[PDB]
$ cat model.pdb   # PDB, C-alpha atoms (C1' of nucleotides)
ATOM      1  CA  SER A   2     109.564 -11.421  39.678
ATOM      2  CA  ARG A   3     111.115 -14.131  37.512
ATOM      3  CA  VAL A   4     107.728 -15.218  36.152
ATOM      4  CA  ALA A   5     106.910 -11.664  35.066
ATOM      5  CA  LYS A   6     110.374 -11.197  33.542
ATOM      6  CA  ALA A   7     109.957 -14.378  31.507
ATOM      7  CA  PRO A   8     108.327 -13.613  28.116
ATOM      8  CA  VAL A   9     105.404 -15.574  26.664
ATOM      9  CA  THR A  10     105.286 -16.775  23.050
ATOM     10  CA  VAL A  11     102.449 -16.590  20.528
ATOM     11  CA  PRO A  12     102.575 -19.734  18.332
ATOM     12  CA  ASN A  13     101.059 -18.345  15.092
ATOM     13  CA  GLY A  14      97.342 -18.827  14.469
ATOM     14  CA  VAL A  15      96.446 -17.194  17.785
ATOM     15  CA  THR A  16      95.812 -13.440  17.972
ATOM     16  CA  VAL A  17      95.977 -11.231  21.074
ATOM     17  CA  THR A  18      93.940  -8.008  21.067
ATOM     18  CA  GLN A  19      94.265  -5.604  23.975
ATOM     19  CA  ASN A  20      91.403  -3.113  24.281
ATOM     20  CA  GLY A  21      91.977  -1.080  27.425
ATOM     21  CA  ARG A  22      91.467  -3.273  30.471
ATOM     22  CA  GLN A  23      89.794  -6.215  28.706
ATOM     23  CA  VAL A  24      92.403  -8.216  26.822
ATOM     24  CA  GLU A  25      91.064 -10.875  24.458
ATOM     25  CA  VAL A  26      92.737 -13.936  22.937
ATOM     26  CA  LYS A  27      91.390 -15.636  19.808
ATOM     27  CA  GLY A  28      92.579 -18.971  18.512
ATOM     28  CA  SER A  29      91.668 -22.234  16.850
ATOM     29  CA  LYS A  30      90.022 -23.632  19.983
ATOM     30  CA  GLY A  31      87.983 -20.548  20.806
ATOM     31  CA  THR A  32      87.658 -17.146  22.428
ATOM     32  CA  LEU A  33      88.926 -16.190  25.879
ATOM     33  CA  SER A  34      88.989 -12.920  27.821
ATOM     34  CA  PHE A  35      91.234 -11.658  30.627
ATOM     35  CA  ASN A  36      91.092  -8.430  32.599
ATOM     36  CA  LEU A  37      94.185  -6.490  33.650
ATOM     37  CA  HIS A  38      94.953  -5.045  37.068
ATOM     38  CA  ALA A  39      95.381  -1.284  37.284
ATOM     39  CA  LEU A  40      99.074  -1.663  38.143
ATOM     40  CA  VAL A  41      99.830  -3.902  35.160
ATOM     41  CA  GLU A  42     100.682  -2.880  31.597
ATOM     42  CA  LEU A  43     101.147  -5.150  28.572
ATOM     43  CA  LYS A  44     103.436  -4.522  25.582
ATOM     44  CA  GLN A  45     103.145  -6.860  22.595
ATOM     45  CA  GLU A  46     106.278  -6.694  20.433
ATOM     46  CA  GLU A  47     106.423  -9.371  17.741
ATOM     47  CA  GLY A  48     104.610 -12.521  18.814
ATOM     48  CA  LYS A  49     106.209 -12.047  22.226
ATOM     49  CA  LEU A  50     104.434 -10.151  24.995
ATOM     50  CA  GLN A  51     105.967  -8.304  27.943
ATOM     51  CA  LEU A  52     104.212  -7.960  31.283
ATOM     52  CA  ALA A  53     105.727  -5.182  33.384
ATOM     53  CA  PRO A  54     104.516  -3.040  36.285
ATOM     54  CA  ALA A  55     103.374   0.539  35.847
ATOM     55  CA  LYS A  56     104.842   1.436  39.254
ATOM     56  CA  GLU A  57     107.763  -0.267  40.981
ATOM     57  CA  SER A  58     105.628  -1.567  43.862
ATOM     58  CA  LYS A  59     105.869  -5.102  45.206
ATOM     59  CA  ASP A  60     102.121  -5.363  44.625
ATOM     60  CA  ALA A  61     102.647  -4.321  41.011
ATOM     61  CA  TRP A  62     105.293  -7.022  40.547
ATOM     62  CA  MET A  63     102.997  -9.647  42.088
ATOM     63  CA  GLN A  64     100.122  -8.637  39.809
ATOM     64  CA  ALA A  65     102.477  -8.708  36.816
ATOM     65  CA  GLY A  66     103.517 -12.257  37.666
ATOM     66  CA  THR A  67      99.951 -13.497  37.951
ATOM     67  CA  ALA A  68      98.989 -11.704  34.722
ATOM     68  CA  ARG A  69     101.838 -13.312  32.796
ATOM     69  CA  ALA A  70     100.909 -16.744  34.147
ATOM     70  CA  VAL A  71      97.225 -16.438  33.223
ATOM     71  CA  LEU A  72      97.953 -15.148  29.718
ATOM     72  CA  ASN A  73     100.456 -17.948  29.127
ATOM     73  CA  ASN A  74      97.739 -20.390  30.185
ATOM     74  CA  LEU A  75      95.198 -18.782  27.844
ATOM     75  CA  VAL A  76      97.575 -18.829  24.865
ATOM     76  CA  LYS A  77      98.508 -22.466  25.457
ATOM     77  CA  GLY A  78      94.840 -23.376  25.820
ATOM     78  CA  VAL A  79      93.660 -21.746  22.609
ATOM     79  CA  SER A  80      96.634 -23.179  20.715
ATOM     80  CA  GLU A  81      96.375 -26.767  22.005
ATOM     81  CA  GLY A  82      93.989 -27.237  24.942
ATOM     82  CA  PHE A  83      94.000 -29.529  27.974
ATOM     83  CA  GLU A  84      92.470 -32.788  29.216
ATOM     84  CA  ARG A  85      92.005 -34.337  32.646
ATOM     85  CA  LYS A  86      91.651 -38.157  32.646
ATOM     86  CA  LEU A  87      89.506 -38.998  35.693
ATOM     87  CA  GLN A  88      89.445 -42.631  36.851
ATOM     88  CA  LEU A  89      86.853 -44.733  38.687
ATOM     89  CA  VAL A  90      87.637 -47.546  41.134
ATOM     90  CA  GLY A  91      85.190 -49.853  42.873
ATOM     91  CA  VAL A  92      82.845 -52.765  42.274
ATOM     92  CA  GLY A  93      79.780 -51.699  40.320
ATOM     93  CA  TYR A  94      81.067 -48.151  39.814
ATOM     94  CA  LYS A  95      80.329 -47.016  36.271
ATOM     95  CA  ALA A  96      80.024 -43.966  34.026
ATOM     96  CA  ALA A  97      78.810 -43.098  30.531
ATOM     97  CA  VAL A  98      78.716 -39.977  28.355
ATOM     98  CA  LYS A  99      75.349 -39.266  26.713
ATOM     99  CA  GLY A 100      74.963 -36.008  24.832
ATOM    100  CA  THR A 101      76.166 -33.204  27.090
ATOM    101  CA  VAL A 102      75.241 -35.034  30.320
ATOM    102  CA  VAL A 103      77.521 -37.552  32.034
ATOM    103  CA  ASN A 104      75.770 -40.377  33.895
ATOM    104  CA  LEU A 105      77.367 -41.994  36.939
ATOM    105  CA  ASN A 106      76.578 -44.966  39.168
ATOM    106  CA  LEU A 107      78.692 -44.752  42.322
ATOM    107  CA  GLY A 108      76.858 -46.996  44.776
ATOM    108  CA  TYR A 109      73.983 -44.724  45.805
ATOM    109  CA  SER A 110      70.262 -45.463  45.598
ATOM    110  CA  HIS A 111      69.879 -43.321  42.450
ATOM    111  CA  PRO A 112      71.936 -42.627  39.301
ATOM    112  CA  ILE A 113      73.642 -39.232  39.107
ATOM    113  CA  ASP A 114      73.316 -37.023  36.027
ATOM    114  CA  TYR A 115      75.834 -34.183  35.738
ATOM    115  CA  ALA A 116      75.402 -31.467  33.122
ATOM    116  CA  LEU A 117      78.660 -30.382  31.521
ATOM    117  CA  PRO A 118      78.869 -26.600  31.024
ATOM    118  CA  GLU A 119      79.657 -24.869  27.762
ATOM    119  CA  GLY A 120      83.292 -25.170  26.722
ATOM    120  CA  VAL A 121      84.073 -28.652  28.094
ATOM    121  CA  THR A 122      83.573 -31.960  26.283
ATOM    122  CA  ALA A 123      83.816 -35.480  27.695
ATOM    123  CA  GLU A 124      84.235 -39.012  26.374
ATOM    124  CA  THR A 125      84.720 -42.461  27.919
ATOM    125  CA  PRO A 126      86.766 -45.177  26.178
ATOM    126  CA  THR A 127      85.339 -47.538  28.804
ATOM    127  CA  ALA A 128      82.968 -47.301  31.743
ATOM    128  CA  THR A 129      85.697 -46.674  34.348
ATOM    129  CA  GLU A 130      87.543 -43.762  32.708
ATOM    130  CA  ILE A 131      86.514 -40.236  31.742
ATOM    131  CA  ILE A 132      88.413 -37.864  29.455
ATOM    132  CA  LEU A 133      87.487 -34.200  29.786
ATOM    133  CA  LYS A 134      88.881 -31.855  27.145
ATOM    134  CA  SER A 135      88.639 -28.074  27.023
ATOM    135  CA  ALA A 136      90.505 -24.887  26.188
ATOM    136  CA  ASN A 137      89.920 -23.331  29.642
ATOM    137  CA  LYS A 138      92.252 -24.700  32.317
ATOM    138  CA  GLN A 139      90.318 -23.151  35.214
ATOM    139  CA  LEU A 140      86.904 -24.370  34.069
ATOM    140  CA  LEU A 141      88.341 -27.795  33.267
ATOM    141  CA  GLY A 142      89.741 -28.068  36.785
ATOM    142  CA  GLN A 143      86.456 -26.909  38.295
ATOM    143  CA  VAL A 144      84.493 -29.535  36.353
ATOM    144  CA  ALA A 145      86.947 -32.267  37.342
ATOM    145  CA  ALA A 146      86.647 -31.269  41.005
ATOM    146  CA  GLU A 147      82.844 -31.217  40.870
ATOM    147  CA  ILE A 148      82.719 -34.671  39.277
ATOM    148  CA  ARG A 149      85.181 -36.039  41.837
ATOM    149  CA  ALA A 150      83.215 -34.587  44.759
ATOM    150  CA  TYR A 151      80.347 -37.043  44.213
ATOM    151  CA  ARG A 152      82.408 -39.897  45.687
ATOM    152  CA  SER A 153      85.928 -39.092  46.921
ATOM    153  CA  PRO A 154      88.608 -41.752  47.515
ATOM    154  CA  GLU A 155      88.705 -43.529  50.870
ATOM    155  CA  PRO A 156      91.878 -44.778  52.571
ATOM    156  CA  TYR A 157      90.956 -48.387  53.350
ATOM    157  CA  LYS A 158      90.364 -49.554  49.765
ATOM    158  CA  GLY A 159      90.754 -46.547  47.461
ATOM    159  CA  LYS A 160      87.235 -46.847  46.053
ATOM    160  CA  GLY A 161      85.813 -43.768  44.348
ATOM    161  CA  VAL A 162      86.741 -41.214  41.706
ATOM    162  CA  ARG A 163      90.399 -40.238  41.510
ATOM    163  CA  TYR A 164      92.729 -38.169  39.395
ATOM    164  CA  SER A 165      95.044 -40.212  37.197
ATOM    165  CA  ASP A 166      98.062 -38.361  38.636
ATOM    166  CA  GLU A 167      96.862 -38.543  42.254
ATOM    167  CA  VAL A 168      98.564 -40.214  45.219
ATOM    168  CA  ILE A 169      96.079 -41.707  47.691
ATOM    169  CA  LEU A 170      97.028 -42.349  51.300
ATOM    170  CA  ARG A 171      96.151 -45.863  52.443
ATOM    171  CA  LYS A 172      95.801 -47.630  55.786
ATOM    172  CA  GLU A 173      93.959 -50.633  57.209
ATOM    173  CA  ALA A 174      91.827 -51.591  60.183
ATOM    174  CA  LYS A 175      93.906 -52.456  63.255
TER     175      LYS A 175
ATOM    176  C1'   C B   1      34.581 -26.440  63.947
ATOM    177  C1'   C B   2      29.818 -29.247  66.135
ATOM    178  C1'   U B   3      28.286 -33.641  60.663
ATOM    179  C1'   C B   4      29.687 -38.007  64.030
ATOM    180  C1'   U B   5      30.705 -39.875  69.825
ATOM    181  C1'   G B   6      29.660 -37.793  74.454
ATOM    182  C1'   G B   7      28.834 -33.715  78.740
ATOM    183  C1'   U B   8      25.686 -29.810  80.258
ATOM    184  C1'   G B   9      21.100 -28.238  79.026
ATOM    185  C1'   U B  10      16.876 -24.769  86.876
ATOM    186  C1'   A B  11      11.531 -21.507  80.493
ATOM    187  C1'   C B  12      10.933 -29.279  77.098
ATOM    188  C1'   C B  13       8.315 -34.358  78.414
ATOM    189  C1'   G B  14       7.324 -38.028  82.072
ATOM    190  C1'   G B  15       7.375 -41.214  87.149
ATOM    191  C1'   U B  16       6.903 -40.493  92.343
ATOM    192  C1'   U B  17       6.969 -38.994  98.414
ATOM    193  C1'   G B  18       5.044 -35.433 102.202
ATOM    194  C1'   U B  19       1.881 -31.333 102.970
ATOM    195  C1'   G B  20      -1.633 -27.138 101.665
ATOM    196  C1'   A B  21      -5.152 -25.328  98.477
ATOM    197  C1'   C B  22      -8.509 -24.900  94.085
ATOM    198  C1'   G B  23     -16.483 -26.465  97.533
ATOM    199  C1'   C B  24     -16.085 -32.303  96.775
ATOM    200  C1'   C B  25     -14.660 -36.894  93.149
ATOM    201  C1'   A B  26     -11.738 -36.596  89.016
ATOM    202  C1'   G B  27      -8.082 -33.224  87.295
ATOM    203  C1'   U B  28      -4.250 -29.680  88.676
ATOM    204  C1'   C B  29      -1.028 -25.955  91.059
ATOM    205  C1'   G B  30       2.358 -23.870  95.406
ATOM    206  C1'   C B  31       6.548 -25.435  98.791
ATOM    207  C1'   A B  32      10.254 -29.080 100.173
ATOM    208  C1'   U B  33      18.503 -28.112  96.821
ATOM    209  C1'   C B  34      15.340 -27.883  89.895
ATOM    210  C1'   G B  35      11.816 -31.790  96.533
ATOM    211  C1'   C B  36      13.759 -36.485  94.629
ATOM    212  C1'   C B  37      14.244 -39.667  90.119
ATOM    213  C1'   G B  38      14.534 -41.029  84.364
ATOM    214  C1'   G B  39      15.221 -38.821  79.589
ATOM    215  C1'   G B  40      16.347 -34.632  76.353
ATOM    216  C1'   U B  41      15.967 -29.815  71.544
ATOM    217  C1'   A B  42      19.114 -25.520  70.277
ATOM    218  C1'   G B  43      23.504 -23.104  72.168
ATOM    219  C1'   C B  44      28.263 -23.751  74.518
ATOM    220  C1'   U B  45      31.902 -27.498  74.801
ATOM    221  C1'   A B  46      36.432 -32.030  74.692
ATOM    222  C1'   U B  47      37.517 -36.499  75.981
ATOM    223  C1'   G B  48      34.893 -35.646  69.574
ATOM    224  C1'   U B  49      36.082 -34.065  63.984
ATOM    225  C1'   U B  50      39.269 -31.763  60.480
ATOM    226  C1'   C B  51      43.609 -29.113  59.307
ATOM    227  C1'   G B  52      49.195 -27.097  60.172
ATOM    228  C1'   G B  53      54.844 -26.960  60.909
ATOM    229  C1'   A B  54      55.269 -28.882  52.769
ATOM    230  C1'   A B  55      58.318 -27.401  49.070
ATOM    231  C1'   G B  56      61.518 -23.698  46.973
ATOM    232  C1'   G B  57      64.862 -19.278  46.063
ATOM    233  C1'   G B  58      69.240 -15.620  48.044
ATOM    234  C1'   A B  59      73.582 -14.431  51.084
ATOM    235  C1'   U B  60      76.686 -16.968  54.536
ATOM    236  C1'   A B  61      79.326 -20.137  59.402
ATOM    237  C1'   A B  62      82.994 -23.954  60.306
ATOM    238  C1'   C B  63      84.823 -26.767  56.378
ATOM    239  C1'   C B  64      86.128 -28.448  51.120
ATOM    240  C1'   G B  65      87.919 -26.210  46.632
ATOM    241  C1'   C B  66      89.518 -24.101  41.017
ATOM    242  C1'   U B  67      93.061 -21.164  38.584
ATOM    243  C1'   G B  68      97.302 -18.294  40.644
ATOM    244  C1'   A B  69     101.826 -15.221  41.902
ATOM    245  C1'   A B  70     104.518 -12.622  45.964
ATOM    246  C1'   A B  71     108.775 -16.868  46.875
ATOM    247  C1'   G B  72     111.127 -19.912  38.820
ATOM    248  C1'   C B  73     108.692 -25.096  43.303
ATOM    249  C1'   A B  74     104.550 -25.160  46.610
ATOM    250  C1'   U B  75     100.043 -22.708  48.181
ATOM    251  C1'   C B  76      91.695 -21.993  48.739
ATOM    252  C1'   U B  77      94.060 -15.497  48.077
ATOM    253  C1'   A B  78      97.065 -11.160  47.452
ATOM    254  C1'   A B  79      93.888 -10.037  41.327
ATOM    255  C1'   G B  80      89.800 -13.498  39.749
ATOM    256  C1'   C B  81      85.810 -17.828  40.147
TER     257        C B  81
END

$ encode --input "model.pdb" --output "structure tokens"
Amino acid sequence: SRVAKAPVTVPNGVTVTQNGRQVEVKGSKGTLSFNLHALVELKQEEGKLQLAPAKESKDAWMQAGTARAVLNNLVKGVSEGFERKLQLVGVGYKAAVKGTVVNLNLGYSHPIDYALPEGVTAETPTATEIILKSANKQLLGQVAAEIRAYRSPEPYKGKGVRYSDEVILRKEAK
RNA sequence: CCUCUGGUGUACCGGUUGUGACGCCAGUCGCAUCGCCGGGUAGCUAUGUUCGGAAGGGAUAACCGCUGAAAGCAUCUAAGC
């Protein structure tokens, strides 16, 4: 698989330690861990790493591709990290970051308080935008989805919480 | 469950008709659906009183996902959450 054949690059300050199944990546941003499928083997030569199958099975190639992708994600995350940029649209819709808990007012009869998990930080330049930053792409996406699920966009006006890079289908009555 | 509101309450109290008896008056008792009629203690009881189906964990159904290759893109799935 082309993804597996492609080699991943270690920038410099990040270290990759394989200990049997449980590979670990250390970096400036923090610590991450990744397990390896029984068909996959990893060879680190120079900063570069090679994912290749132990057996020539199609399943082994597929697992090698997914392993290369996840490790590339982990290395990029520890080196630099990611952010999400959620946006809020609607009249009276508001948000604020206080400590580790984000407070939202989305038109219900009670404010919503959402507790950020360990590893993700948030900040709001204004009331209608949220910036989530983290080293873990998967956890960052999960947190963004959970925050968006409190009030999803509607087609008639677009009110609600949306991704910055999100296309929203729109219609009208009659 | 029986404090309250009621029902029943033929061994509790009273009014009264006919007849027989207790020697007689007075006073009582038997029989007449408990003779008929008015009340009513405990117990039982509903139509009376009080209480219950509150809240919370765990795994899931349809459904909605996150990251992610096979298939350089895409994709809730094949690893994983």

$ interface_residues --input "model.pdb" --of "chain B" --to "chain A" --cutoff "12 Å" --atoms "all atoms listed in the file" --output "ChimeraX atom specification"
/B:64-72,77-81

$ write_last_selection --input "model.pdb" --atoms "C-alpha atoms (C1' of nucleotides)" --output "PDB file, keeping the file's coordinate frame"
ATOM      1  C1'   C B  64      86.128 -28.448  51.120  1.00  0.00           C
ATOM      2  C1'   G B  65      87.919 -26.210  46.632  1.00  0.00           C
ATOM      3  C1'   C B  66      89.518 -24.101  41.017  1.00  0.00           C
ATOM      4  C1'   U B  67      93.061 -21.164  38.584  1.00  0.00           C
ATOM      5  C1'   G B  68      97.302 -18.294  40.644  1.00  0.00           C
ATOM      6  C1'   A B  69     101.826 -15.221  41.902  1.00  0.00           C
ATOM      7  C1'   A B  70     104.518 -12.622  45.964  1.00  0.00           C
ATOM      8  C1'   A B  71     108.775 -16.868  46.875  1.00  0.00           C
ATOM      9  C1'   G B  72     111.127 -19.912  38.820  1.00  0.00           C
ATOM     10  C1'   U B  77      94.060 -15.497  48.077  1.00  0.00           C
ATOM     11  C1'   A B  78      97.065 -11.160  47.452  1.00  0.00           C
ATOM     12  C1'   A B  79      93.888 -10.037  41.327  1.00  0.00           C
ATOM     13  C1'   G B  80      89.800 -13.498  39.749  1.00  0.00           C
ATOM     14  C1'   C B  81      85.810 -17.828  40.147  1.00  0.00           C
TER      15        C B  81
END

$ residues_around --input "model.pdb" --residues "residue 25 of chain A" --least-positions-apart "3" --cutoff "9 Å" --atoms "all atoms listed in the file" --output "PDB file with C-alpha atoms, in the frame of the given file"
ATOM      1  CA  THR A  16      95.812 -13.440  17.972  1.00  0.00           C
ATOM      2  CA  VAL A  17      95.977 -11.231  21.074  1.00  0.00           C
ATOM      3  CA  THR A  18      93.940  -8.008  21.067  1.00  0.00           C
ATOM      4  CA  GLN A  19      94.265  -5.604  23.975  1.00  0.00           C
ATOM      5  CA  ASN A  20      91.403  -3.113  24.281  1.00  0.00           C
ATOM      6  CA  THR A  32      87.658 -17.146  22.428  1.00  0.00           C
ATOM      7  CA  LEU A  33      88.926 -16.190  25.879  1.00  0.00           C
ATOM      8  CA  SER A  34      88.989 -12.920  27.821  1.00  0.00           C
ATOM      9  CA  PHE A  35      91.234 -11.658  30.627  1.00  0.00           C
ATOM     10  CA  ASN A  36      91.092  -8.430  32.599  1.00  0.00           C
TER      11      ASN A  36
END

$ resolve_selection --input "model.pdb" --expression "the PyMOL selection byres ((chain B and resi 27-41) around 6)" --output "VMD selection string"
chain B and resid 10 26 42

$ atom_distance --input "model.pdb" --atom1 "atom CA of residue 73 of chain A" --atom2 "atom CA of residue 8 of chain A"
9.0 Å

$ axis_aligned_box --input "model.pdb" --around "segment 44-61 of chain B" --padding-each-side "5 Å" --output "lines of an AutoDock Vina configuration file"
center_x = 53.8
center_y = -25.5
center_z = 61.0
size_x = 61.1
size_y = 32.1
size_z = 39.9

$ resolve_selection --input "model.pdb" --expression "the PyMOL selection byres ((chain A and resi 119) around 10)" --output "MDAnalysis selection string"
chainID A and resid 101 116:118 120:122 135 140
